[PDB]
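J.: Could you have a look at this structure, given as structure tokens, before my questions?
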Amino acid sequence: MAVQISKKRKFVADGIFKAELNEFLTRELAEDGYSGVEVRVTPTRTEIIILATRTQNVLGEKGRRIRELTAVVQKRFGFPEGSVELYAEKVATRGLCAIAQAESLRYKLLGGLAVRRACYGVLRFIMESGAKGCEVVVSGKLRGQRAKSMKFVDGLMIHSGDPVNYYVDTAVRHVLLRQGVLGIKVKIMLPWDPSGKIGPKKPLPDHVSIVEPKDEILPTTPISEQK
Amino acid sequence: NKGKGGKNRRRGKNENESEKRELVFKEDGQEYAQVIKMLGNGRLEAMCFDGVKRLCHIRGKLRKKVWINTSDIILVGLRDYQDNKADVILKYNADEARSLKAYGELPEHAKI
Amino acid sequence: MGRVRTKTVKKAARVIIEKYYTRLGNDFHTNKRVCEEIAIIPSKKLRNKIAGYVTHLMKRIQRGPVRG
RNA sequence: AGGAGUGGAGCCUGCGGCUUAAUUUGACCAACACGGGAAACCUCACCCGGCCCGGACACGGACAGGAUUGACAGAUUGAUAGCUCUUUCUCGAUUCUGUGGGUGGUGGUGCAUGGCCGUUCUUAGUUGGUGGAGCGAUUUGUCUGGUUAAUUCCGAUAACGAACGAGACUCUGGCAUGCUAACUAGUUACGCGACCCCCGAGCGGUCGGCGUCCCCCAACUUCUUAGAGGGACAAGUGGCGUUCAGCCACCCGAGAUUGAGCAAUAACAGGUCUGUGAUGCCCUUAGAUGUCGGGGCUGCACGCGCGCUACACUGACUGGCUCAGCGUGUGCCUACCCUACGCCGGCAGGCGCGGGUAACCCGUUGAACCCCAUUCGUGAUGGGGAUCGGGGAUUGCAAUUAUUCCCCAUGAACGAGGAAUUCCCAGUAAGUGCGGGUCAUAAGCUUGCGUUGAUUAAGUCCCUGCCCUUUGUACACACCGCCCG
RNA sequence: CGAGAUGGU
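Residue numbers (PDB author numbering), protein chains in the order written: chain F, 1 to 227; chain j, 4 to 115; chain T, 1 to 68.
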């Protein structure tokens with residue numbers, strides 16, 4: 001770069017890069033249980049951290065797939081030789097991640113399991129994992145040539161105002177069967193977690209809580225106490 | 004596109020009597036006819052151009068779709084028995100009826 | 001217009017008075033400071049509304065019983 | 001109650017009908033300046049012609065005196081397409097050929113589907129668990145009354161305890177001489193320094209006036225930027241309220257309704273396959289429904305929709321003076337950006353030479369209406385500027401069916417608009433100009449910003465509709481229903 | 001107490 005690009009173009013181009021990388025990884029690592037990518041920079045080096053539920057499938061027999069993925073990321077995005085490193089990392093609390101639950105429901109349907117038996121199968125596992133509530137939806141040609149939908153729901157679920165940006169986790173997916181495409185949508189509502197990264201640290205806007213009064217003595221008589 | 008009736012009932016699929024309306028001629032067992040009178044009950048009186056008048060009936064596929072009228076031009080299927088009676092197969096627009104007469108397909112009797 | 005107070009305000013004010021009656025008084029600006037240290041309230045605008053109805057209830061309790 | 005209108009005129013632009021080789025097509029409150037749809041080519045799907053394989057792979061055949069590839073010249077052709085015909089060089093196992101099978105498609109079905117969006121519907125609405133009532137569909141909770149913008153509160157009570165919507169929440173506007181602290185932001189002051197004026201107590205001065213004239217190794221944060229905190233609660237006083245929940249006026253105060261975003265359950269045969277490597281089934285597949293050349297999308301007796309300019313004197317024309325805010329900027333394949341200053345030309349425009357990847361350069365963004373002086377004189381007039389002749393620049397591979405721009409000339413209808421009908425309550429309506437999108441060339445559209453700034457209301461259910469309850473029914477395809485001679 | 005019929009998608 002013989003003269004540097006302006007800050008408006010620089011900040012937009014850095015966002016366009018993260019979007020294409022997330023699409024490539026989404027469709028390479030679908031059955032291997034992918035759920036997100038994180039990227040960080042240091043002098044002469046870029047480190048990419050990748051989250052999945054079955055990390056040994058991301059590596060392969062002696063690390064083959066990490067070496068193949070390092071090669072194609074470098075080849076496509078134009079990094080110089082050896083400046084790119086890929087690290088696989090294991091997903092914590094996989095029942096509270098909406099993308100891993102949308103993909104496992106997609107592969108469970110694609111194997112020929114019945115729709116209600118599959119949908120109550122994930123609805124139980126999300127609520128046993130410690131969510132405050134959830135909503136699962138499937139739609140398309142469910143049983144016959146005319147389209148239908150099903151809602152499955154449990155616990156609490158908010159729809160309006162700013163808290164939706166940090167208390168609700170969501171995913172949408174497609175599955176192709178011999179008669180055409182079905183849609184899947186998954187929503188999960190997170191628990192409040194003061195510190196520990198199960199959920200958000202910020203409380204709900206209308207949850208006031210009062211501290212309890214303690215240990216007073218009702219009677220008194222006048223006395224003095226020297227040190 | 005343009006409606007030409009007026010009602011609540013947008014509940015159907017649109018008629019699209021357009022584009023590849025490929026021109027249809029007779030096979031064996033068929034005739035061209037002009038409507039003379041319309042009766043009740045989905046039946047009509049029609050004259051074909053070789054001069055045998057018949058009582059005629061709307062096929063179940065054309066009900067409440069292809070509205071027939073007096074002096075209109077139609078394609079009719081004959082019966083191998085009961086020669087006084089027949090059934091409607093098609094209606095020709097005034098744009099198609101002139102093309103039939105331009106191909107010499109109709110005697111100089113039909114009105115357009 | 002409309003100045004009616006919702007159940008989130010009216011319930012929090014009653015629970016404060018049941019526990020801390022001996023701290024409270026008629027001055028809004030002192031009640032507003034007490035309610036900030038005895039409770040976790042997410043918004044400054046909600047804290048002002050709670051201390052307002054607490055100040056209204058103290059002036060009622062000085063005359064006779066309040067059923068709740 | 002009123003304001004500005006629209007419907008009448010000329011022109012722009014979307015739709016139907018007609019015309020045509022083709023004038024590609026979706027859509028009929030909730031279609032019609034809408035598909036971000038401003039088509040010269042491309043886009044491009046339509047119409048007239050011509051090259052090409054970009055037909056994987058499998059099996060069989062043909063084949064190293066050879067499977068196959070490419071081409072000069074003449075004829076041919078819109079054509080410098082070796083397309084094809086005559087001729088005779090060239091390449092080297094990569095192809096060719098028959099059968100099977102694939103592959104592509106702005107082809108068909110939105111009435112086969114996913115995703116997204118619109119609408120019912122801007123209002124206050126919706127639902128389990130355990131208990132009570134009915135053989136049952138169902139019901140109560142979810143209410144007689146008062147109160148609120150609100151299924152918002154009070155209270156009542158065969159129900160008790162909860163969930164979503166509402167509200168809270170997020171962004172934004174108006175206040176801080178208090179905090180943090182600035183050569184990519186300023187002020188004040190002086191060591192002072194410089195130009196101009198004597199108008200000034202008084203000189204041509206220490207001292208006065210004027211400055212985007214210039215240094216500070218002066219002091220500072222009022223004006224600009226932007227981080228943290230503060231502030232408003234129906235909190236205070238007087239009335240009215242089953243004296244509760246609330247409602248009205250007033251003091252003090254920057255301020256006692258700022259404006260947007262997000263939004264439930266259940267639906268619609270609503271729109272979209274022409275946004276997609278989202279997609280089932282059907283069609284087509286070498287004389288192709290997968291690339292180049294030319295034409296069309298603009299065609300004009302006629303009906304309709306959203307708009308621009310006007311009918312003048314509360315004006316038009318010619319000079320002079322003086323004030324904004326929001327933004328964008330060297331294109332990463334893809335090859336283009338925003339402009340000061342000097343010179344040539346009436347103008348559009350041309351040449352030279354610098355700054356800017358931006359609180360740094362265009363830039364103190366010298367904006368329009370408005371303001372001050374002049375000319376015209378109630379005349380289709382010096383109002384209005386449609387229609388049309390001749391000449392000159394700029395973009396581009398190409399401007400004719402006129403791309404856009406400049407100049408002289410020509411000088412239509414129109415004198416405040418029939419029956420009808422739209423939007424609007426305060427920095428609002430209306431007037432007035434400037435940025436962004438689309439862009440090689442270019443707004444009469446749309447999405448934002450500032451500037452000048454009113455009249456009329458503080459209400460009602462009459463007209464068109466929405467919410468809740470009681471009531472009647474021969475309706476459930478649900479009054480655009482059903483039905484008799 | 002004016003006049004207020006009818007219904008392809």
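Even for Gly, the Cβ is constructed at its ideal location relative to N, Cα and C.
Do the segment 3-12 of chain T and the segment 45-59 of chain T meet, that is, are 3 or more Cβ pairs less than 8 angstroms apart?
T.: yes
J.: What do you reckon, are the CB atoms on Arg47 (chain T) and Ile41 (chain T) nearer than 8 angstroms?
T.: Residue numbering aside, residue 47 (chain T) sits at position 47 when the third sequence is read from its first letter. Residue numbering aside, residue 41 (chain T) sits at position 41 when the third sequence is read from its first letter. In contact: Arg47 (chain T) and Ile41 (chain T) (Cβ atoms closer than 8 angstroms).
J.: What does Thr8 (chain T) reach in chain F if we use C-beta pairs closer than 8 angstroms?
T.: Indexing the third sequence from 1 puts residue 8 (chain T) at position 8. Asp206 and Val208, listed in chain order.
J.: Helix, strand or coil: which one does DSSP assign to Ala100 (chain F)?
T.: Your numbering for residue 100 (chain F) matches position 100 in the first sequence. In the structure shown, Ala100 (chain F) sits in a helix (DSSP, three-state: H, G or I).
J.: Do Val136 (chain F) and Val122 (chain F) come within 8 angstroms of each other at the CB atom, strictly closer than that value?
T.: The count along the first sequence starts at 1 and reaches residue 122 (chain F) at position 122. The count along the first sequence starts at 1 and reaches residue 136 (chain F) at position 136. A contact, by the Cβ cut-off of 8 angstroms.
J.: For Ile77 (chain j), which of j:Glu25, j:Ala100 and j:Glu22 has the nearest alpha-carbon?
T.: In the second sequence, the residue the question calls residue 77 (chain j) occupies position 74. Per the Cα distances, j:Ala100.
J.: Mind checking if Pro191 (chain F) is an interface residue toward chain T, Cβ cutoff 8 angstroms exclusive?
T.: In the first sequence, residue 191 (chain F) corresponds to position 191, counting from 1. Not an interface residue.
J.: So does the segment 87-94 of chain F actually touch the segment 182-189 of chain F, counting three or more Cβ pairs closer than 8 angstroms?
T.: Three or more Cβ pairs closer than 8 angstroms define a contact, and the segment 87-94 of chain F falls short of that threshold against the segment 182-189 of chain F.
J.: Excluding sequence positions up to five away, which residues of its chain have a Cβ less than 8 angstroms from the Cβ of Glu85 (chain F)?
T.: The residue given as residue 85 (chain F) occupies position 85 in the first sequence. So the list reads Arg45, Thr46, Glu47, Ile48 and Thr70, once near-sequence residues are dropped.
J.: Hey, could you find the ends of the beta strand (DSSP E) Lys185 (chain F) is sitting in?
T.: Numbered from its first residue, the first sequence carries residue 185 (chain F) at position 185. Element bounds for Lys185 (chain F): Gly180 to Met189.
J.: Which partner residues does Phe152 (chain F) have in the DSSP bridge list?
T.: The residue you call residue 152 (chain F) lines up with position 152 of the first sequence. According to DSSP, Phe152 (chain F) bridges with F:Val136.
J.: Please classify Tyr167 (chain F) as buried or exposed, where buried requires at least 16 other C-beta atoms within 10 Å of its C-beta.
T.: In the first sequence, counting from the first residue as 1, residue 167 (chain F) sits at position 167. With 16 or more Cβ atoms within 10 Å of its Cβ, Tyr167 (chain F) is classed as buried.
J.: List the whole-angstrom C-beta distance separating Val115 (chain F) from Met150 (chain F), where the pair is believed to meet the contact cut-off of C-beta under 8 angstroms.
T.: Within the first sequence, the letter at position 115 stands for residue 115 (chain F). Within the first sequence, the letter at position 150 stands for residue 150 (chain F). About 7 angstroms; that satisfies the 8 angstroms criterion.
J.: Listing by chain order, which chain F residues have their CB less than 7 angstroms from the CB of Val15 (chain T)?
T.: What you label residue 15 (chain T) is simply residue 15 of the third sequence in a count that begins at 1. Chain F residues near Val15 (chain T): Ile210.
J.: Using only alpha-carbon positions, find the residue among F:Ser160, F:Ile217 and F:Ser104 that is nearest to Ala30 (chain F).
T.: As a first step, residue 30 (chain F) is located in the first sequence; it is residue number 30 there, counting from the start. Residue F:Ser104 is the option with its Cα nearest to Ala30 (chain F).
J.: From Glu61 (chain F) to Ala118 (chain F), what distance separates their C-alpha atoms?
T.: Position 61 of the first sequence holds residue 61 (chain F). Position 118 of the first sequence holds residue 118 (chain F). Approximately 32 angstroms between the Cα atoms of the pair.
J.: Only counting the same chain, and skipping five residues up and downstream in sequence, which positions put a Cβ closer than 8 angstroms to that of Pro203 (chain F)?
T.: Here the question's residue 203 (chain F) lines up with position 203 in the first sequence. Answer for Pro203 (chain F): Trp192, listed in chain order.
J.: Exposed or buried, what is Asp75 (chain j) when buried is set at 16 or more other beta-carbons lying within 10 Å of its beta-carbon?
T.: As a first step, residue 75 (chain j) must be located in the second sequence, where it is residue number 72. Counting Cβ neighbours within 10 Å, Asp75 (chain j) comes out buried, since at least 16 surround it.
J.: Figure out for me which residue from T:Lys19, T:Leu57 and T:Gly64 has the closest Cα to the Cα of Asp215 (chain F).
T.: Along the first sequence, one-based indexing puts residue 215 (chain F) at 215. Comparing Cα positions, the closest option is T:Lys19.
J.: With 7 angstroms as the limit, tell me which residues of the segment 33-51 of chain T have their beta carbon closer than that to any beta carbon of chain F; keep them in chain order.
T.: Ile38, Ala39, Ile40, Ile41, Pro42 and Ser43
J.: Compute the Euclidean distance between the alpha carbons of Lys16 (chain j) and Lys68 (chain j), then round it to the nearest angstrom.
T.: To locate residue 16 (chain j), count along the second sequence from 1; it is residue 13. To locate residue 68 (chain j), count along the second sequence from 1; it is residue 65. Between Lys16 (chain j) and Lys68 (chain j), the C-alpha separation is close to 11 angstroms.
J.: Straight-line CA distance for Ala88 (chain F) to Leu59 (chain F)?
T.: Residue mapping note: residue 88 (chain F) aligns to position 88 of the first sequence, counting from 1. Residue mapping note: residue 59 (chain F) aligns to position 59 of the first sequence, counting from 1. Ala88 (chain F) and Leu59 (chain F): Cα-Cα distance of roughly 8 angstroms.
J.: Cβ of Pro213 (chain F) less than 8 angstroms from any chain T Cβ?
T.: The residue given as residue 213 (chain F) occupies position 213 in the first sequence. Yes, contact with chain T.
J.: Can you have a look at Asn11 (chain j) and say buried or exposed, based on whether 16 or more other CB atoms are within 10 angstroms of its CB?
T.: Here residue 11 (chain j) refers to the residue found at position 8 of the second sequence. Label assigned to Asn11 (chain j): exposed.
J.: Once the 5 residues before and after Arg27 (chain F) are set aside, which same chain residues still bring their CB inside 7 angstroms of it?
T.: As a working mapping, residue 27 (chain F) is identified with position 27 in the first sequence. Result list for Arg27 (chain F): empty, nothing under 7 angstroms.
J.: Curious, which full-length beta strand (DSSP E) runs of at least 3 residues does the segment 29-88 of chain j contain?
T.: 33-41, 46-51, 56-61 and 76-81
J.: Where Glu48 (chain j) and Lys148 (chain F) are concerned, what is the direct C-alpha to C-alpha distance, given to the nearest angstrom?
T.: Within the second sequence, the letter at position 45 stands for residue 48 (chain j). Within the first sequence, the letter at position 148 stands for residue 148 (chain F). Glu48 (chain j) and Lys148 (chain F): Cα-Cα distance of roughly 48 angstroms.
J.: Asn26 (chain T): buried (16+ other C-beta within 10 angstroms of its C-beta) or exposed?
T.: As a working note, residue 26 (chain T) is residue 26 in the third sequence. Result: exposed.
J.: Closer than 8 angstroms, CB to CB, is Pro163 (chain F) near chain T or not?
T.: Residue 163 (chain F) sits at position 163 when you count from the first residue of the first sequence. Chain T contact via Cβ: absent.
J.: Among the candidates F:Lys7, F:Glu38 and F:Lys10, whose CA atom is the shortest distance from the CA of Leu21 (chain F)?
T.: Here residue 21 (chain F) refers to the residue found at position 21 when the first sequence is read from its first residue. Comparing Cα positions, the closest option is F:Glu38.
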